[PDB]
$ cat protein.tsv   # TSV, N, CA and C atoms
chain	number	residue	atom	x	y	z
A	1	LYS	N	149.96	13.28	170.20
A	1	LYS	CA	149.32	13.06	168.89
A	1	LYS	C	150.21	13.77	167.85
A	2	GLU	N	151.21	14.59	168.32
A	2	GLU	CA	151.93	15.40	167.24
A	2	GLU	C	153.18	15.94	167.87
A	3	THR	N	154.28	15.99	167.11
A	3	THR	CA	155.51	16.75	167.60
A	3	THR	C	155.30	18.24	167.35
A	4	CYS	N	156.05	19.11	168.07
A	4	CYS	CA	155.95	20.56	167.85
A	4	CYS	C	156.22	20.87	166.41
A	5	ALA	N	157.23	20.21	165.86
A	5	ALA	CA	157.64	20.48	164.49
A	5	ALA	C	156.51	20.12	163.50
A	6	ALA	N	155.85	18.98	163.67
A	6	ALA	CA	154.78	18.55	162.78
A	6	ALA	C	153.58	19.50	162.99
A	7	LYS	N	153.32	19.92	164.23
A	7	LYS	CA	152.26	20.85	164.47
A	7	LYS	C	152.51	22.18	163.75
A	8	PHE	N	153.74	22.66	163.78
A	8	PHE	CA	154.11	23.88	163.05
A	8	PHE	C	153.78	23.72	161.54
A	9	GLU	N	154.20	22.60	160.95
A	9	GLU	CA	153.90	22.36	159.54
A	9	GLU	C	152.39	22.39	159.29
A	10	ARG	N	151.62	21.71	160.13
A	10	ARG	CA	150.18	21.69	159.89
A	10	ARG	C	149.56	23.07	160.06
A	11	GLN	N	150.01	23.82	161.09
A	11	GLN	CA	149.38	25.11	161.33
A	11	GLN	C	149.92	26.21	160.46
A	12	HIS	N	151.14	26.11	159.92
A	12	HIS	CA	151.78	27.33	159.35
A	12	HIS	C	152.40	27.12	158.03
A	13	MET	N	152.47	25.91	157.49
A	13	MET	CA	153.14	25.78	156.17
A	13	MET	C	152.15	25.52	155.03
A	14	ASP	N	152.33	26.23	153.91
A	14	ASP	CA	151.60	25.82	152.70
A	14	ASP	C	152.52	26.05	151.54
A	15	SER	N	153.44	25.12	151.36
A	15	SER	CA	154.44	25.24	150.28
A	15	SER	C	153.88	24.91	148.92
A	16	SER	N	152.64	24.42	148.82
A	16	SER	CA	152.08	24.02	147.49
A	16	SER	C	151.76	25.20	146.60
A	17	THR	N	151.42	26.34	147.19
A	17	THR	CA	150.87	27.53	146.51
A	17	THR	C	151.81	28.71	146.77
A	18	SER	N	151.89	29.64	145.85
A	18	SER	CA	152.71	30.85	145.99
A	18	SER	C	152.01	31.95	146.76
A	19	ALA	N	150.69	31.85	146.87
A	19	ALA	CA	149.87	32.88	147.51
A	19	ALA	C	148.48	32.28	147.75
A	20	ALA	N	147.65	32.97	148.52
A	20	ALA	CA	146.29	32.54	148.81
A	20	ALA	C	145.53	32.49	147.47
A	21	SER	N	144.76	31.43	147.30
A	21	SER	CA	144.11	31.14	146.03
A	21	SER	C	142.77	31.82	145.82
A	22	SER	N	142.17	32.37	146.87
A	22	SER	CA	140.89	33.08	146.77
A	22	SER	C	140.73	33.79	148.08
A	23	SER	N	139.71	34.63	148.20
A	23	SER	CA	139.34	35.26	149.46
A	23	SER	C	138.80	34.26	150.50
A	24	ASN	N	138.52	33.04	150.08
A	24	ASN	CA	138.02	32.04	151.02
A	24	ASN	C	139.12	31.08	151.46
A	25	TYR	N	140.39	31.39	151.09
A	25	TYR	CA	141.51	30.55	151.43
A	25	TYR	C	141.56	30.27	152.96
A	26	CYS	N	141.48	31.32	153.77
A	26	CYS	CA	141.57	31.10	155.22
A	26	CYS	C	140.40	30.27	155.75
A	27	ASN	N	139.21	30.53	155.23
A	27	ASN	CA	138.09	29.72	155.67
A	27	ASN	C	138.36	28.24	155.40
A	28	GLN	N	138.85	27.93	154.18
A	28	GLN	CA	139.12	26.56	153.80
A	28	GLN	C	140.28	25.97	154.60
A	29	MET	N	141.39	26.72	154.74
A	29	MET	CA	142.59	26.17	155.37
A	29	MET	C	142.45	26.10	156.86
A	30	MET	N	141.78	27.05	157.51
A	30	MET	CA	141.63	26.91	158.96
A	30	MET	C	140.81	25.66	159.29
A	31	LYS	N	139.87	25.31	158.40
A	31	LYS	CA	139.06	24.11	158.62
A	31	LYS	C	139.91	22.88	158.28
A	32	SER	N	140.53	22.82	157.09
A	32	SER	CA	141.23	21.61	156.66
A	32	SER	C	142.43	21.28	157.54
A	33	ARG	N	143.13	22.30	158.02
A	33	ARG	CA	144.28	22.05	158.94
A	33	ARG	C	143.87	21.84	160.42
A	34	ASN	N	142.56	21.72	160.67
A	34	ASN	CA	142.04	21.34	162.02
A	34	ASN	C	142.16	22.48	163.03
A	35	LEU	N	142.27	23.69	162.58
A	35	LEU	CA	142.42	24.82	163.51
A	35	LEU	C	141.07	25.38	163.99
A	36	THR	N	139.98	24.77	163.57
A	36	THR	CA	138.67	25.18	164.08
A	36	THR	C	137.96	24.03	164.81
A	37	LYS	N	138.71	22.98	165.16
A	37	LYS	CA	138.08	21.82	165.74
A	37	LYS	C	137.40	22.07	167.06
A	38	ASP	N	138.08	22.70	168.01
A	38	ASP	CA	137.58	22.91	169.37
A	38	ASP	C	137.07	24.31	169.63
A	39	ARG	N	137.60	25.27	168.86
A	39	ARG	CA	137.26	26.68	168.98
A	39	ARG	C	137.72	27.29	167.69
A	40	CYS	N	137.27	28.52	167.41
A	40	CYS	CA	137.83	29.22	166.20
A	40	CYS	C	139.16	29.85	166.61
A	41	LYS	N	140.28	29.29	166.18
A	41	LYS	CA	141.58	29.93	166.51
A	41	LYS	C	141.54	31.34	165.91
A	42	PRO	N	141.82	32.39	166.70
A	42	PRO	CA	141.50	33.71	166.13
A	42	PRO	C	142.42	34.27	165.10
A	43	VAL	N	143.69	33.90	165.17
A	43	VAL	CA	144.71	34.44	164.25
A	43	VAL	C	145.63	33.30	163.85
A	44	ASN	N	146.03	33.30	162.59
A	44	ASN	CA	146.96	32.23	162.13
A	44	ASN	C	147.62	32.68	160.85
A	45	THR	N	148.87	32.35	160.67
A	45	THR	CA	149.61	32.67	159.44
A	45	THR	C	150.05	31.39	158.73
A	46	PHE	N	149.90	31.37	157.39
A	46	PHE	CA	150.48	30.34	156.55
A	46	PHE	C	151.62	30.89	155.71
A	47	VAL	N	152.68	30.09	155.56
A	47	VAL	CA	153.88	30.53	154.86
A	47	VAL	C	153.94	29.79	153.52
A	48	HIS	N	154.03	30.53	152.40
A	48	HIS	CA	154.11	29.94	151.05
A	48	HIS	C	155.55	29.92	150.61
A	49	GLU	N	156.35	29.13	151.29
A	49	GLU	CA	157.77	28.94	150.93
A	49	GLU	C	158.08	27.48	151.17
A	50	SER	N	159.20	27.01	150.65
A	50	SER	CA	159.58	25.62	150.88
A	50	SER	C	159.89	25.35	152.36
A	51	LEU	N	159.69	24.08	152.80
A	51	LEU	CA	160.00	23.74	154.14
A	51	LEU	C	161.45	24.02	154.44
A	52	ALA	N	162.37	23.74	153.51
A	52	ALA	CA	163.80	24.04	153.75
A	52	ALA	C	164.05	25.49	153.97
A	53	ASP	N	163.36	26.37	153.23
A	53	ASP	CA	163.58	27.80	153.36
A	53	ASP	C	163.04	28.29	154.70
A	54	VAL	N	161.93	27.77	155.22
A	54	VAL	CA	161.46	28.17	156.54
A	54	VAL	C	162.32	27.57	157.66
A	55	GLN	N	162.72	26.31	157.53
A	55	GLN	CA	163.64	25.75	158.52
A	55	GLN	C	164.95	26.54	158.64
A	56	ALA	N	165.45	27.05	157.50
A	56	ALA	CA	166.65	27.90	157.45
A	56	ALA	C	166.56	29.08	158.37
A	57	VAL	N	165.36	29.55	158.70
A	57	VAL	CA	165.25	30.79	159.49
A	57	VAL	C	165.85	30.59	160.89
A	58	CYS	N	165.88	29.34	161.40
A	58	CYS	CA	166.42	29.05	162.75
A	58	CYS	C	167.94	29.28	162.76
A	59	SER	N	168.55	29.61	161.60
A	59	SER	CA	170.00	30.02	161.54
A	59	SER	C	170.16	31.49	161.13
A	60	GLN	N	169.06	32.26	161.18
A	60	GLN	CA	169.08	33.67	160.77
A	60	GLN	C	169.11	34.61	161.96
A	61	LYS	N	168.36	35.70	161.99
A	61	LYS	CA	168.62	36.71	162.99
A	61	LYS	C	167.95	36.38	164.33
A	62	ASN	N	168.74	36.17	165.39
A	62	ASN	CA	168.16	35.84	166.71
A	62	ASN	C	167.53	37.08	167.31
A	63	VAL	N	166.29	36.96	167.79
A	63	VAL	CA	165.58	38.08	168.38
A	63	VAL	C	164.80	37.54	169.55
A	64	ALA	N	164.32	38.44	170.40
A	64	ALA	CA	163.48	38.03	171.54
A	64	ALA	C	162.13	37.56	171.00
A	65	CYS	N	161.56	36.57	171.69
A	65	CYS	CA	160.18	36.18	171.48
A	65	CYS	C	159.21	37.07	172.20
A	66	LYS	N	157.96	37.07	171.80
A	66	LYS	CA	156.97	37.83	172.55
A	66	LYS	C	156.85	37.43	174.01
A	67	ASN	N	157.13	36.17	174.34
A	67	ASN	CA	157.10	35.68	175.73
A	67	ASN	C	158.37	36.05	176.52
A	68	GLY	N	159.26	36.78	175.87
A	68	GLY	CA	160.57	37.18	176.48
A	68	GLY	C	161.71	36.16	176.41
A	69	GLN	N	161.47	34.91	175.98
A	69	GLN	CA	162.61	34.00	175.75
A	69	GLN	C	163.33	34.46	174.51
A	70	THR	N	164.50	33.91	174.21
A	70	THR	CA	165.27	34.45	173.06
A	70	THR	C	165.61	33.34	172.09
A	71	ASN	N	164.69	32.37	171.96
A	71	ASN	CA	164.86	31.34	170.92
A	71	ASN	C	164.02	31.65	169.66
A	72	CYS	N	163.83	32.95	169.38
A	72	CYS	CA	163.09	33.36	168.16
A	72	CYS	C	164.10	33.80	167.11
A	73	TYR	N	163.69	33.70	165.87
A	73	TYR	CA	164.55	34.07	164.73
A	73	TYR	C	163.76	34.77	163.69
A	74	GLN	N	164.29	35.88	163.17
A	74	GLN	CA	163.65	36.66	162.14
A	74	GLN	C	164.35	36.34	160.82
A	75	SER	N	163.57	36.10	159.78
A	75	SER	CA	164.14	35.85	158.47
A	75	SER	C	164.82	37.15	157.97
A	76	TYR	N	165.97	36.95	157.30
A	76	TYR	CA	166.70	38.11	156.73
A	76	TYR	C	165.96	38.90	155.66
A	77	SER	N	165.16	38.19	154.91
A	77	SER	CA	164.29	38.85	153.93
A	77	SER	C	162.86	38.42	154.07
A	78	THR	N	162.06	38.85	153.14
A	78	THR	CA	160.65	38.67	153.25
A	78	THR	C	160.21	37.41	152.50
A	79	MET	N	159.02	36.92	152.90
A	79	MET	CA	158.46	35.65	152.42
A	79	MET	C	156.98	35.90	152.08
A	80	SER	N	156.44	35.15	151.12
A	80	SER	CA	155.01	35.17	150.84
A	80	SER	C	154.26	34.48	151.96
A	81	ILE	N	153.32	35.18	152.56
A	81	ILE	CA	152.53	34.58	153.63
A	81	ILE	C	151.08	34.95	153.44
A	82	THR	N	150.21	34.20	154.08
A	82	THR	CA	148.79	34.59	154.15
A	82	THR	C	148.43	34.67	155.61
A	83	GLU	N	147.92	35.80	156.05
A	83	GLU	CA	147.48	36.03	157.40
A	83	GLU	C	145.96	35.84	157.47
A	84	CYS	N	145.54	35.02	158.41
A	84	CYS	CA	144.11	34.77	158.66
A	84	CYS	C	143.69	35.37	159.97
A	85	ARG	N	142.57	36.05	159.98
A	85	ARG	CA	142.07	36.62	161.24
A	85	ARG	C	140.58	36.43	161.25
A	86	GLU	N	140.05	35.92	162.35
A	86	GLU	CA	138.62	35.65	162.47
A	86	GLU	C	137.90	37.00	162.38
A	87	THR	N	136.78	36.96	161.68
A	87	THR	CA	135.93	38.13	161.58
A	87	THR	C	135.19	38.45	162.89
A	88	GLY	N	134.71	39.69	162.97
A	88	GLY	CA	134.04	40.13	164.15
A	88	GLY	C	132.75	39.40	164.37
A	89	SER	N	132.15	38.88	163.32
A	89	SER	CA	130.91	38.15	163.46
A	89	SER	C	131.08	36.67	163.61
A	90	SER	N	132.28	36.14	163.43
A	90	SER	CA	132.43	34.71	163.44
A	90	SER	C	132.04	34.11	164.80
A	91	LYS	N	131.30	33.02	164.74
A	91	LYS	CA	130.95	32.30	165.96
A	91	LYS	C	131.07	30.80	165.67
A	92	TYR	N	131.83	30.11	166.49
A	92	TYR	CA	131.92	28.65	166.47
A	92	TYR	C	130.48	28.11	166.56
A	93	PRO	N	130.15	27.11	165.79
A	93	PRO	CA	130.97	26.24	164.96
A	93	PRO	C	130.94	26.60	163.46
A	94	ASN	N	130.71	27.87	163.18
A	94	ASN	CA	130.77	28.36	161.78
A	94	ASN	C	131.83	29.45	161.72
A	95	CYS	N	133.06	29.05	161.96
A	95	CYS	CA	134.14	30.01	162.08
A	95	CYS	C	134.45	30.67	160.73
A	96	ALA	N	134.63	31.99	160.73
A	96	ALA	CA	134.76	32.74	159.49
A	96	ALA	C	136.01	33.63	159.61
A	97	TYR	N	136.79	33.76	158.54
A	97	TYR	CA	138.07	34.47	158.57
A	97	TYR	C	138.22	35.38	157.41
A	98	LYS	N	138.96	36.47	157.66
A	98	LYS	CA	139.48	37.32	156.58
A	98	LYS	C	140.85	36.81	156.16
A	99	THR	N	141.06	36.80	154.85
A	99	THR	CA	142.32	36.41	154.22
A	99	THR	C	143.10	37.59	153.74
A	100	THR	N	144.36	37.73	154.19
A	100	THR	CA	145.22	38.87	153.73
A	100	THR	C	146.50	38.27	153.21
A	101	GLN	N	146.81	38.51	151.97
A	101	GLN	CA	148.08	38.07	151.38
A	101	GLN	C	149.14	39.13	151.63
A	102	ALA	N	150.36	38.71	151.96
A	102	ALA	CA	151.39	39.68	152.28
A	102	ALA	C	152.77	39.13	151.96
A	103	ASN	N	153.76	40.02	151.98
A	103	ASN	CA	155.14	39.64	151.77
A	103	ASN	C	155.90	40.29	152.88
A	104	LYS	N	156.33	39.51	153.89
A	104	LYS	CA	156.83	40.09	155.10
A	104	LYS	C	157.91	39.14	155.65
A	105	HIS	N	158.77	39.67	156.54
A	105	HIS	CA	159.67	38.79	157.28
A	105	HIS	C	158.82	37.94	158.22
A	106	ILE	N	159.32	36.75	158.52
A	106	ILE	CA	158.65	35.94	159.58
A	106	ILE	C	159.58	35.81	160.80
A	107	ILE	N	158.93	35.67	161.93
A	107	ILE	CA	159.67	35.40	163.19
A	107	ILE	C	159.12	34.12	163.75
A	108	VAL	N	160.01	33.14	163.97
A	108	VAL	CA	159.60	31.84	164.45
A	108	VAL	C	160.41	31.46	165.69
A	109	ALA	N	159.78	30.72	166.58
A	109	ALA	CA	160.51	30.12	167.73
A	109	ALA	C	161.01	28.76	167.33
A	110	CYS	N	162.28	28.50	167.61
A	110	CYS	CA	162.88	27.25	167.18
A	110	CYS	C	163.16	26.34	168.37
A	111	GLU	N	163.07	25.04	168.20
A	111	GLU	CA	163.35	24.12	169.30
A	111	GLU	C	163.87	22.82	168.72
A	112	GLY	N	164.45	21.98	169.56
A	112	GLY	CA	164.79	20.63	169.17
A	112	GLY	C	166.18	20.45	168.64
A	113	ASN	N	166.49	19.20	168.33
A	113	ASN	CA	167.67	18.91	167.59
A	113	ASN	C	167.22	17.86	166.57
A	114	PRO	N	167.19	18.17	165.25
A	114	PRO	CA	167.61	19.35	164.60
A	114	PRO	C	166.80	20.55	165.11
A	115	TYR	N	167.39	21.74	165.06
A	115	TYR	CA	166.75	22.93	165.59
A	115	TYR	C	165.85	23.50	164.51
A	116	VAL	N	164.52	23.42	164.72
A	116	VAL	CA	163.59	23.73	163.64
A	116	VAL	C	162.43	24.55	164.20
A	117	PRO	N	161.67	25.18	163.28
A	117	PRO	CA	160.55	26.02	163.79
A	117	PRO	C	159.46	25.23	164.53
A	118	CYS	N	159.00	25.74	165.65
A	118	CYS	CA	157.88	25.09	166.33
A	118	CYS	C	156.77	26.06	166.61
A	119	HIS	N	157.08	27.35	166.69
A	119	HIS	CA	155.96	28.32	166.88
A	119	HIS	C	156.11	29.46	165.94
A	120	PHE	N	154.99	30.04	165.54
A	120	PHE	CA	155.02	31.22	164.68
A	120	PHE	C	154.78	32.41	165.59
A	121	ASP	N	155.79	33.24	165.71
A	121	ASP	CA	155.75	34.35	166.66
A	121	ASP	C	155.08	35.59	166.04
A	122	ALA	N	155.46	35.99	164.81
A	122	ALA	CA	154.97	37.25	164.28
A	122	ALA	C	155.42	37.34	162.83
A	123	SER	N	154.77	38.23	162.08
A	123	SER	CA	155.36	38.72	160.80
A	123	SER	C	155.69	40.18	160.93
A	124	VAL	N	156.65	40.63	160.15
A	124	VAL	CA	157.08	42.03	160.21
A	124	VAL	C	157.34	42.58	158.83

$ encode --input "protein.tsv" --output "C-alpha cells"
Amino acid sequence: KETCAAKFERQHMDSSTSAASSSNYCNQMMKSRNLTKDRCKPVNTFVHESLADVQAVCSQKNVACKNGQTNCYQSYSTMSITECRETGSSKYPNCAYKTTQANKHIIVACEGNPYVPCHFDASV
C-alpha cells in the first residue's frame, strides 16, 4: 500500500509549517497522518523542513542505528521538529498526545536508490 519512502513522508514530514501550530498539533497530525488507525503509535516526530533538506541528510554524518546497522545519518546541524508522545492517560480509540516543539539534529535510516530517508531513528 506504500513505499518506505512515502511512508516516511506521511509519518515524519510537515514542510508546510515552520513549527507546531498549537498544543493540539500532535493530536491532529497523529490522526490525519493515519498513525492512530490500529493502535495509538506512542512516539512520533515531524520535521518542519523541505523534503530536499531532509533527503540531503542521507549524504551527511554516517552513524550507527539503534538496531546496530550503520545505514543511519545524522544531520550536520539542527532542524525544526515537533515531537509527539502519547500521554499517560491516552487509551485507543481516543489517542491523546503531548506536543513538544524543538530544534535538534535528526538521525534517519536511509535506503533505496535514490538513497533516501525511510525511518526516523532519533533526534539529538

$ residues_near_point --input "protein.tsv" --point "(153.4, 26.0, 156.5)" --cutoff "8 Å" --atoms "all atoms listed in the file" --output "PDB file with N, CA and C atoms, in the coordinates of the input"
ATOM      1  N   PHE A   8     153.740  22.660 163.780  1.00  0.00           N
ATOM      2  CA  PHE A   8     154.110  23.880 163.050  1.00  0.00           C
ATOM      3  C   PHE A   8     153.780  23.720 161.540  1.00  0.00           C
ATOM      4  N   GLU A   9     154.200  22.600 160.950  1.00  0.00           N
ATOM      5  CA  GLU A   9     153.900  22.360 159.540  1.00  0.00           C
ATOM      6  C   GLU A   9     152.390  22.390 159.290  1.00  0.00           C
ATOM      7  N   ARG A  10     151.620  21.710 160.130  1.00  0.00           N
ATOM      8  CA  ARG A  10     150.180  21.690 159.890  1.00  0.00           C
ATOM      9  C   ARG A  10     149.560  23.070 160.060  1.00  0.00           C
ATOM     10  N   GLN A  11     150.010  23.820 161.090  1.00  0.00           N
ATOM     11  CA  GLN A  11     149.380  25.110 161.330  1.00  0.00           C
ATOM     12  C   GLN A  11     149.920  26.210 160.460  1.00  0.00           C
ATOM     13  N   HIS A  12     151.140  26.110 159.920  1.00  0.00           N
ATOM     14  CA  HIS A  12     151.780  27.330 159.350  1.00  0.00           C
ATOM     15  C   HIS A  12     152.400  27.120 158.030  1.00  0.00           C
ATOM     16  N   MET A  13     152.470  25.910 157.490  1.00  0.00           N
ATOM     17  CA  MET A  13     153.140  25.780 156.170  1.00  0.00           C
ATOM     18  C   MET A  13     152.150  25.520 155.030  1.00  0.00           C
ATOM     19  N   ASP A  14     152.330  26.230 153.910  1.00  0.00           N
ATOM     20  CA  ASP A  14     151.600  25.820 152.700  1.00  0.00           C
ATOM     21  C   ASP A  14     152.520  26.050 151.540  1.00  0.00           C
ATOM     22  N   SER A  15     153.440  25.120 151.360  1.00  0.00           N
ATOM     23  CA  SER A  15     154.440  25.240 150.280  1.00  0.00           C
ATOM     24  C   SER A  15     153.880  24.910 148.920  1.00  0.00           C
ATOM     25  N   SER A  16     152.640  24.420 148.820  1.00  0.00           N
ATOM     26  CA  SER A  16     152.080  24.020 147.490  1.00  0.00           C
ATOM     27  C   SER A  16     151.760  25.200 146.600  1.00  0.00           C
ATOM     28  N   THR A  45     148.870  32.350 160.670  1.00  0.00           N
ATOM     29  CA  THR A  45     149.610  32.670 159.440  1.00  0.00           C
ATOM     30  C   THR A  45     150.050  31.390 158.730  1.00  0.00           C
ATOM     31  N   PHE A  46     149.900  31.370 157.390  1.00  0.00           N
ATOM     32  CA  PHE A  46     150.480  30.340 156.550  1.00  0.00           C
ATOM     33  C   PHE A  46     151.620  30.890 155.710  1.00  0.00           C
ATOM     34  N   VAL A  47     152.680  30.090 155.560  1.00  0.00           N
ATOM     35  CA  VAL A  47     153.880  30.530 154.860  1.00  0.00           C
ATOM     36  C   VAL A  47     153.940  29.790 153.520  1.00  0.00           C
ATOM     37  N   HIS A  48     154.030  30.530 152.400  1.00  0.00           N
ATOM     38  CA  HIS A  48     154.110  29.940 151.050  1.00  0.00           C
ATOM     39  C   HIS A  48     155.550  29.920 150.610  1.00  0.00           C
ATOM     40  N   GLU A  49     156.350  29.130 151.290  1.00  0.00           N
ATOM     41  CA  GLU A  49     157.770  28.940 150.930  1.00  0.00           C
ATOM     42  C   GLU A  49     158.080  27.480 151.170  1.00  0.00           C
ATOM     43  N   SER A  50     159.200  27.010 150.650  1.00  0.00           N
ATOM     44  CA  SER A  50     159.580  25.620 150.880  1.00  0.00           C
ATOM     45  C   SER A  50     159.890  25.350 152.360  1.00  0.00           C
ATOM     46  N   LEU A  51     159.690  24.080 152.800  1.00  0.00           N
ATOM     47  CA  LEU A  51     160.000  23.740 154.140  1.00  0.00           C
ATOM     48  C   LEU A  51     161.450  24.020 154.440  1.00  0.00           C
TER      49      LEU A  51
END

$ residues_around --input "protein.tsv" --residues "stretch 25-41 of chain A" --least-positions-apart "2" --cutoff "6.5 Å" --atoms "only N, CA and C atoms" --output "ChimeraX atom specification"
/A:10-11,20-23,43-44,84,86,92,95-99

$ axis_aligned_box --input "protein.tsv" --around "stretch 103-112 of chain A" --padding-each-side "6 Å" --output "lines of an AutoDock Vina configuration file"
center_x = 160.0
center_y = 30.4
center_z = 160.7
size_x = 24.4
size_y = 31.8
size_z = 29.8

$ closest_residue --input "protein.tsv" --among "A:124, A:64, A:58, A:116" --to "residue A:77" --atoms "only C-alpha atoms"
A:124

$ atom_distance --input "protein.tsv" --atom1 "atom CA of residue A:24" --atom2 "atom C of residue A:53"
25.6 Å

$ atom_distance --input "protein.tsv" --atom1 "atom CA of residue A:74" --atom2 "atom C of residue A:87"
28.5 Å

$ residues_around --input "protein.tsv" --residues "residue A:66" --least-positions-apart "3" --cutoff "10 Å" --atoms "only C-alpha atoms" --output "ChimeraX atom specification"
/A:63,69-70,72,109,121-122

$ write_last_selection --input "protein.tsv" --atoms "N, CA and C atoms" --output "short mmCIF file (atom, residue, chain, number, x, y, z; two decimals), keeping the file's coordinate frame"
data_model
loop_
_atom_site.label_atom_id
_atom_site.label_comp_id
_atom_site.auth_asym_id
_atom_site.auth_seq_id
_atom_site.Cartn_x
_atom_site.Cartn_y
_atom_site.Cartn_z
N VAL A 63 166.29 36.96 167.79
CA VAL A 63 165.58 38.08 168.38
C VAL A 63 164.80 37.54 169.55
N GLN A 69 161.47 34.91 175.98
CA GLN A 69 162.61 34.00 175.75
C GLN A 69 163.33 34.46 174.51
N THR A 70 164.50 33.91 174.21
CA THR A 70 165.27 34.45 173.06
C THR A 70 165.61 33.34 172.09
N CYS A 72 163.83 32.95 169.38
CA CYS A 72 163.09 33.36 168.16
C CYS A 72 164.10 33.80 167.11
N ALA A 109 159.78 30.72 166.58
CA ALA A 109 160.51 30.12 167.73
C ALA A 109 161.01 28.76 167.33
N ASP A 121 155.79 33.24 165.71
CA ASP A 121 155.75 34.35 166.66
C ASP A 121 155.08 35.59 166.04
N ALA A 122 155.46 35.99 164.81
CA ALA A 122 154.97 37.25 164.28
C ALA A 122 155.42 37.34 162.83
#

$ select_by_dssp --input "protein.tsv" --residues "stretch 22-117 of chain A" --states "strand (DSSP E or B)" --output "VMD selection string"
chain A and resid 43 to 47 61 to 63 72 to 74 79 to 86 91 94 97 to 104 106 to 111 116 to 117

$ select_by_dssp --input "protein.tsv" --residues "chain A" --states "alpha helix (DSSP H)" --output "MDAnalysis selection string"
chainID A and resid 4:12 25:32 51:55

$ closest_residue --input "protein.tsv" --among "A:106, A:52, A:6, A:65" --to "residue A:83" --atoms "only C-alpha atoms"
A:106

$ atom_distance --input "protein.tsv" --atom1 "atom CA of residue A:61" --atom2 "atom CA of residue A:117"
13.4 Å

$ residues_near_point --input "protein.tsv" --point "(162.7, 34.8, 160.8)" --cutoff "5 Å" --atoms "all atoms listed in the file" --output "VMD selection string"
chain A and resid 57 73 to 75 106 to 108

$ closest_residue --input "protein.tsv" --among "A:115, A:104, A:90, A:82" --to "residue A:19" --atoms "only N, CA and C atoms"
A:82

$ decode --input "protein.tsv" --residues "stretch 69-99 of chain A" --atoms "C-alpha atoms" --output "compact mmCIF listing (two decimals), in the first residue's frame"
# COMPACT_ATOMS: atom_id res chain seq x y z
CA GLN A 69 23.01 -1.44 11.43
CA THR A 70 25.01 1.51 10.07
CA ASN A 71 22.72 2.96 7.42
CA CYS A 72 21.75 5.90 9.72
CA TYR A 73 22.73 9.52 9.14
CA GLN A 74 22.82 12.47 11.48
CA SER A 75 22.17 15.94 10.10
CA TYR A 76 25.16 18.31 10.44
CA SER A 77 23.00 20.98 12.00
CA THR A 78 19.71 21.28 13.69
CA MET A 79 16.19 21.30 12.21
CA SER A 80 12.76 22.45 13.44
CA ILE A 81 10.86 19.39 14.58
CA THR A 82 7.79 18.55 16.62
CA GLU A 83 7.99 15.54 18.92
CA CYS A 84 4.73 13.76 19.78
CA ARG A 85 4.40 11.42 22.72
CA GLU A 86 1.22 9.71 23.87
CA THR A 87 0.04 10.83 27.27
CA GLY A 88 -0.10 8.54 30.26
CA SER A 89 -3.86 8.55 30.16
CA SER A 90 -4.32 8.04 26.46
CA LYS A 91 -6.34 4.97 25.52
CA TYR A 92 -7.27 3.85 21.99
CA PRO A 93 -9.55 4.77 20.29
CA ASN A 94 -9.21 8.28 21.80
CA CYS A 95 -5.49 8.60 21.44
CA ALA A 96 -4.04 11.72 23.11
CA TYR A 97 -0.54 13.25 22.70
CA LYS A 98 1.73 15.88 24.12
CA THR A 99 3.26 18.25 21.57
